[PDB]
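One letter stands for each residue in the lines below.
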Amino acid sequence: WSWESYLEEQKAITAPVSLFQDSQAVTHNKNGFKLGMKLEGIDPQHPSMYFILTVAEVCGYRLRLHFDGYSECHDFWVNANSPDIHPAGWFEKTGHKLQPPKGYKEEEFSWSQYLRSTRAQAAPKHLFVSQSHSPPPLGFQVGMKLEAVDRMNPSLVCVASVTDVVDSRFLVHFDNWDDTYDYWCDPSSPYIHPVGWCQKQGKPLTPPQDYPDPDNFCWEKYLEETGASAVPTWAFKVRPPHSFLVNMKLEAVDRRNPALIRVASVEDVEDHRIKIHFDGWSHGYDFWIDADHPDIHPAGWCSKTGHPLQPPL
Amino acid sequence: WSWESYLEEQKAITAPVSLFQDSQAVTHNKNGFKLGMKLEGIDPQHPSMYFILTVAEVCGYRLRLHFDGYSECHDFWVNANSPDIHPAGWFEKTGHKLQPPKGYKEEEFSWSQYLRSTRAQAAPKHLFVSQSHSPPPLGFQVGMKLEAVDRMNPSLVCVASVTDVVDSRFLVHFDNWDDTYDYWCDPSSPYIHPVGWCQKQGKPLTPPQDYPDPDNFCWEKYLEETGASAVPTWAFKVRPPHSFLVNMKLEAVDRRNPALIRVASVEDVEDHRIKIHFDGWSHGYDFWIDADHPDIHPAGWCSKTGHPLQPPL
Amino acid sequence: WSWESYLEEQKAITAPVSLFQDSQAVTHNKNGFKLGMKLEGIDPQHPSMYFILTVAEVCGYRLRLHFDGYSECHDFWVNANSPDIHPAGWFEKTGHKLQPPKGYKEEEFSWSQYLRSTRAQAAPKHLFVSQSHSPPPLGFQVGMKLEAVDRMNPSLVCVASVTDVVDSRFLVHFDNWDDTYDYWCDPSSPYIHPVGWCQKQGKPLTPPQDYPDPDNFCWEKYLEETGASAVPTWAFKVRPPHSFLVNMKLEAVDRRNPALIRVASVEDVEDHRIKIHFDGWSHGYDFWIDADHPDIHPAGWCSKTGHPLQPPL
Amino acid sequence: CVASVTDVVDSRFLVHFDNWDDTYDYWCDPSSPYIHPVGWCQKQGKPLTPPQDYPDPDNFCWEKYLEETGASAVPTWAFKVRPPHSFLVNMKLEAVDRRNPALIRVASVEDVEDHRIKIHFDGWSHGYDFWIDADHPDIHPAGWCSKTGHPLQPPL
Amino acid sequence: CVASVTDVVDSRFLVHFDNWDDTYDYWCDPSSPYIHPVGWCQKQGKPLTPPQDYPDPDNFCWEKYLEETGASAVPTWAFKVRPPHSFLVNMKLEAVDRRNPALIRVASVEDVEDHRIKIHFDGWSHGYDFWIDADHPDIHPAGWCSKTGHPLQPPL
């Protein structure tokens, strides 16, 4: 419809561009991904693992990725500036493991030969914002230890490790646990803390799954025993709370059908999260989201990138 | 940029592949090292000593290694075909001593238990070019004696011993001195000489540190007294001088920041060393290097292995 | 503290002297300015306006200037090779207006009288790189119009005029706006464009402040009404982008405390600007600066000129 | 749960849960139906939740805790619970909207307990219904908005 | 390279490189590891060397060349896998001297590939070492010289 006339009739304002990360706001980059191009990327359900992916669909600045050899029911959407996708050949050049297409074996797979056999085009390197050609996030080296909130069970702060580093980001892993609980972040993340923070704050720390003698959990000796260092405290930066206010309007991907983006409103706020309401829909579909999530955008993003915008219902 | 267009504009040639050791030139081997893998290797500053190391970073055919338990400030870069790294378990199986992770005790350390406690993966054996599964360098047995140039003080030729043998290489140690002056080489090394060479050449020989009666230094009796044999003269092979010429171009690691490799030129030559100039930089950063050094490579090495190449400044 | 030890410690490289303009690098010129000397110069905050200034302090190749008759809170620092200062008499010989000392009238000020009143010495002419004696910038005449980026609001490209010409540079003024927005440039400045550039690039052009019909600004009519000519298109030159790279280290004056010069790093780059980070300080103090700005310098500049250098936090 | 008095102001005091932060704390008076003397759970047959990280939580015992902490129990006699309120289902009133506290709306008693009422906002979904203490400061008799100069939101 | 069968004698055939000197020709059998069917380079992503003086060197195409030349490809079924040899480094044997072929010398396996071995003459410089196919007629087991009546040269 038009944002302009909507704002007049509702007597409302949009969340200003300045409130968003540059990466959530940028509209002027073209999407150079094309149908059938091949690449590598993380599995959103197993964020430590990398698979061969194909571009199955492009919509504006977004793309839908298919896991080669597997079912289309696993396909998922990302933005073209996603740091979670990488060019063909990246895994080998940066020390990562590639899970091959269904029916291959890790060491059976070669990009040269795969491309010959498929006659497919690898997505060109220059498309990717993350190629491990930037120097890491200061002070966060693989194997180092920290305390982290289990984003799945937010009342728990837990023994955790850095297991992956890529450009300005690193992977937080829970000791003795599935990669299912892992998550990517950067040194300003509000979900991470230096070794000792729990003790110094009052809260209990959850030790590694099936550790010997859990209440008697000692960090400086866990550390000596694992040949690990804790991430230095000077490394952990303070992300300031976001400045979104209740009733500001924006555009947000609909988690019920991620192909769609909708007119939305800020229904509530915490320091680092906002509660999203889709205008014209039930408050039952209202949901909490991290302010820095890739799937929230300023008003006009859809229009400038060429993605349909769902008007209010 | 491109080598091709650079060579045309400069009216220059690259040092041909044939000029390099196969090990400096090989691009077609993949790097199978992955972040967090554990292994063993020498300390580049104390080349007689072995430590537990972790893969901290991978770039193309290179990797950055971290000393477990110690500071990240000691991390160092090697190539994936380095003979100075070995699989977990190597020390025990080949008669070498392992200095354990900071806070352990030599005999407190067990790989089984370390891996259980860290939940880490040992780098697979098949990755390593040096596992002591080759028969030694002919005629160079541990305890044997020779004359060697102190690569740190090149005007000195000195009483020296073989103290380590691994595959085709052996460790040259200076009698009564720190391991700080030690270096690895092979029987074609131009820095080593049979017992008597000094006397037969005219030059003075430096005896062991704090030996009784230095000018009166007698080899055949030093020998009888130490229950040692000299390395037999037939063992010392003649490495021919290299064939690099001034102005040939190549790629070379920048010692100021070893993460980087640069376009370079041959500025000068000796029989077994070349002087490297980084195109577009001051001649003040020009440096001498052994022709067989692992950190010089033919043009196109970076491109074929997936390591960034710094173009001329 | 030394640069040599710090670079080894950090595995870092300094920006070479070759990347700087000669004027930013030159260390072998002596500072002839002495305490109490009087001269003329622009107010850095209002670069179209000239004042009587006195040397209040000298530090290496830098000097602090004081606005005669005004508060010391307005003192500012320049290099001894600044083109923004001029000898006594220059204003009257070159058609520039003097803002006289606090409490004088323009017609009231005479250098002869003032020097007699104060018993002070004028800075000698031979100190000054700029006396309006060198050939003017080709094609840029006073009164000619052009399109310019508002460096204070860089999203705006605006109707502007040449209002001053001194040696090889000219002053860009934004029609009917505060002179605080004015800036000095040369023909290669990346911030200026010929009349018609916005329309050819499809960018909005910002019209003069209080333009009688803001809606329908037309350059052809404006030029006619104002008795003005466009700067001809041939006069505009391409400045090549700078060659500074992220992580190179250098020396930069502290914007908050300009008496101080600090160890600095290149945090980010654009074609014509660099982003400065002060090593050891918060990235909150980081700032963008033009590559040609007179207050960045190569490592070594402070020690070679005799200016103290502040080590990293 | 095991609790302490940590603040006293006029006739009210602050109930704090030992070893927990203050996010679960609440202010009340001697007649609160939510407070009981030390020993109440044992006398009534209800399980007692020990402090958040108490060492041997299965063997938590009050007479030992009181001696490790040098504290005494609020005297049993001080607890004088209030009678149940007399709000009946269907009675109407005004109540602050929890989701937008600037607004007061027409309301109904949907359901009752001894000390609480279940508020329903007239014309709205029953999914919006909530339980609230009968002494809560944000419920009011009909006419309160009109008499105090606050707008009332009509049903729907 | 593009090549042709130009001779057949008993169980072997001669491989010839189209329009090159016949000095490059060699005899083989179907299991030779040096030959591949038409299309192998393109399937393996290797450059194929075209005939010498091929009229348009740039755009060599097998389909057109076969047609222009009235020729058929050797069918793919005819090519057999030869298993790699089982010689190991340091095994000793007898080998004819390439420089003085009248002579057979004590020799050692210096290095191995799947189908070749590198010969070292014991007591001589490694500068005289050479690669040779495992099936070459001029290497023999220890004892061959004495059992056939050929003199054997001992190590330097």
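Residues numbered from 1 in each chain as written, not as in the entry; some residues may be left out. Chains lettered and ligands numbered in written order. Part of a larger assembly, values for the part shown. Heavy atoms only, no water.

- The record names X-ray crystallography as the way this model was obtained, at a resolution of 1.85 Å.

### Things to note about the sheet that holds strand β15 (residues 273-278) of chain C
Strand-to-strand pairing in sheets goes through backbone hydrogen bonds, with the strands running parallel or antiparallel.
Residue and element names in this part refer to chain C.
Then comes step 1: Read from one edge of the open sheet, 5 strands run β16-β15-β14-β13-β17, paired in antiparallel fashion. Edge positions in the sheet fall to β16 (287-290) and β17 (296-297), since each of these pairs with one other strand and no more.
Then comes step 2: Bridging between strand β14 (residues 261-269) and β15 involves 5 bridges; their strand directions are antiparallel. In the strand pairing of β15, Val269 is matched with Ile274.
Then comes step 3: Each of β13 (249-253) and β14 touches helix α1 (residues 3-10); the most contacted strand, β13, lies at about 125° to it. (Pairing = 2+ DSSP bridges. Helix = DSSP H or I, 4+ residues; strand = E, 2+ residues; numbered from the N terminus. Contact = heavy atoms within 4.5 Å. Axes fitted to C-alpha atoms, helices over the stretch in contact; angles between N-to-C directions.)

### Topic: the interface of chain A and chain B
Then comes step 1: With 19 residues of chain A at the contact, the number on the chain B side is 28 residues.
Then comes step 2: Summing the contributions of chain A and of chain B, the shared interface buries around 1900 Å²; its carbon and sulfur component is 48%.
Then comes step 3: A per-residue breakdown of the area chain A buries against chain B is headed by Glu92(A), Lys93(A) and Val142(A), which together make up 25% of the total.
Then comes step 4: Salt-bridge contacts for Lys30(B) lead to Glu92(A); the nearest nitrogen and oxygen are separated by 2.5 Å.
Then comes step 5: At the boundary of chain A with chain B, the tally comes to 8 residue pairs in polar contact.
Then comes step 6: Every element with two or more residues in the side of chain A that touches chain B is listed here: α3 (90-94), β8 (157-166) and α6 (219-225) of chain A.
Then comes step 7: Tallied by class, the residues present in the side of chain A that touches chain B amount to 4 nonpolar, 8 polar and 7 charged. (Buried area = accessible area lost by both parts, 1.4 Å probe. Salt bridge = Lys/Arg side-chain N within 4 Å of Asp/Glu carboxyl O. Polar contact = N/O pair within 3.5 Å; in protein donor to acceptor, adjacent residues only side chain to side chain. Nonpolar A, V, L, I, M, F, W, Y, C, P; charged D, E, K, R; others polar.)

### Quick look at a nonpolar patch on the surface
Then comes step 1: A grouping of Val5(D), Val8(D) and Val74(D) is seen on the molecular surface, where their side chains present a nonpolar patch of about 240 Å² in accessible area.
Then comes step 2: One can find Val8(D) in strand β1 (residues 3-9). (Patch = residues over 30% accessible without salt bridge, like charges linked within 9 Å, V, L, I, M, F, W, Y side chains within 5 Å. Areas by Shrake-Rupley, 256 points an atom, 1.4 Å probe, with all protein chains shown as cover.)

### Let's talk about the interface of chain C and chain B
Then comes step 1: Contacts between the two partners involve 9 residues from chain C, matched on the other side by 9 residues from chain B.
Then comes step 2: Across the chain C to chain B interface the summed buried area is about 670 Å²; carbon plus sulfur atoms make up 65%.
Then comes step 3: Ranking the residues of chain C by area buried against chain B places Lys11(C), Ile13(C) and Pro16(C) at the top, with a combined share of 69%.
Then comes step 4: Applying the counting rule to chain C against chain B returns 0 salt bridges.
Then comes step 5: Linking chain C with chain B are 1 residue pair in polar contact.

### Considering unusual backbone geometry
Then comes step 1: Not every positive phi belongs to a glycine, and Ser132(A) is a case in point at roughly 60°.
Then comes step 2: Structurally, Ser132(A) can be placed in the loop between α4 (111-118) and β7 (145-149).
Then comes step 3: Judged by its relative accessible area of 22%, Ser132(A) falls in the partly exposed class.
Then comes step 4: A positive phi angle, near 50°, is found at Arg119(C), a position not held by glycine.
Then comes step 5: Position of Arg119(C) relative to the elements: it lies in the loop between α4 (111-118) and β7 (145-149). (Buried < 20%, exposed > 50% of the residue type's maximum accessible area, 1.4 Å probe, protein only.)

### What about the sheet that holds strand β7 (residues 145-149) of chain B?
Residue and element names in this part refer to chain B.
Then comes step 1: One open sheet accounts for 5 strands, arranged β10-β9-β8-β7-β11; its pairing is antiparallel. In this open sheet, the two edge strands, each paired with only one partner strand, are β10 (183-185) and β11 (192-193).
Then comes step 2: As paired elements, β7 and strand β8 (residues 157-166) share 5 bridges and run antiparallel to each other. Residue pairing in the sheet places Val149 in a bridge with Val157 of β8.

### Some details on the environment of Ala291(A)
Residue and element names in this part refer to chain A.
Then comes step 1: Considering the arrangement of structural elements, one finds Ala291 in the loop between β15 (287-290) and β16 (296-297).
Then comes step 2: Judged by relative accessible area, which is 14%, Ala291 ranks as buried.
Then comes step 3: Not counting chain neighbours up to four residues away, the residues in contact with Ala291 comprise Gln24, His242, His272, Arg273 and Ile296.

### Focus on the nonpolar core
Then comes step 1: Judged by nonpolar contacts, the single largest core of 33 residues is most densely connected at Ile276(B) and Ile276(C).
Then comes step 2: If you list the elements that add at least two residues to this core, you get β12 (249-253), β13 (261-269), β14 (273-278) and β15 (287-290) of chain B together with β13, β14, β15 and β16 of chain C.
Then comes step 3: Setting aside its immediate chain neighbours within four residues, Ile276(C) contacts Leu250(C), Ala252(C), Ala264(C), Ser265(C), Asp286(C), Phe287(C), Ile289(C) and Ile296(C).
Then comes step 4: Counting 28 residues, the second largest nonpolar core, distinct from the first, contains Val149(A), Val157(A), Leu205(A) and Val231(A). (Core = buried A, V, L, I, M, F, W, Y, C linked by side-chain atoms within 4.5 Å.)

### Thoughts on the state of the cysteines
Then comes step 1: According to the stated counting rule, one finds 0 disulfides over all chains in the structure shown.
Then comes step 2: In this model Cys59(A) remains outside any disulfide bridge; the closest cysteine sulfur is found in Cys302(A), 8.1 Å from its own. (Disulfide = S-S within 2.5 Å.)

### Thoughts on the UniProt feature "repeat: MBT" in chain A
All names here are of chain A.
Then comes step 1: UniProt's feature table lists "repeat: MBT" at residues 1-101, 109-208 and 217-312, given in the numbering used throughout.
Then comes step 2: Each end of residues 1-101 is marked by a C-alpha atom, and these two atoms are 43 Å apart; helix forms 17% of the span and strand 34%.
Then comes step 3: From the first C-alpha to the last, residues 217-312 spans 52 Å; its make-up is 12% helix and 27% strand. (UniProt positions renumbered as here; feature names shortened; annotations may be inferred.)

### Some remarks on the domain arrangement of chain A
When the parts of a complex come together, some accessible area is lost, and that lost area is often used as the size of the interface.
Residues and elements named next belong to chain A.
Then comes step 1: Taken as a whole, chain A is organised into domain 1 (1-29 + 242-313), domain 2 (30-133) and domain 3 (134-241).
Then comes step 2: Taking only C-alpha atoms into account, the centre of domain 1 sits 28 Å from that of domain 2.
Then comes step 3: Each partner contributes to the interface: domain 1 provides 17 residues, whereas domain 2 provides 9 residues.
Then comes step 4: Buried area between domain 1 and domain 2, summed over both chains or domains, comes out near 950 Å², and the portion from carbon and sulfur atoms is 51%.
Then comes step 5: Area buried by domain 1 at its contact with domain 2 is led by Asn29, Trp301 and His307, which between them contribute 41% of it.
Then comes step 6: Our count for the domain 1 to domain 2 interface comes out at 0 salt bridges.
Then comes step 7: At the surface where domain 1 touches domain 2, the tally comes to 4 residue pairs in polar contact.
Then comes step 8: Tallied by class, the residues present in the side of domain 1 that touches domain 2 amount to 9 nonpolar, 7 polar and 1 charged. (Domains from an automatic or database assignment.)

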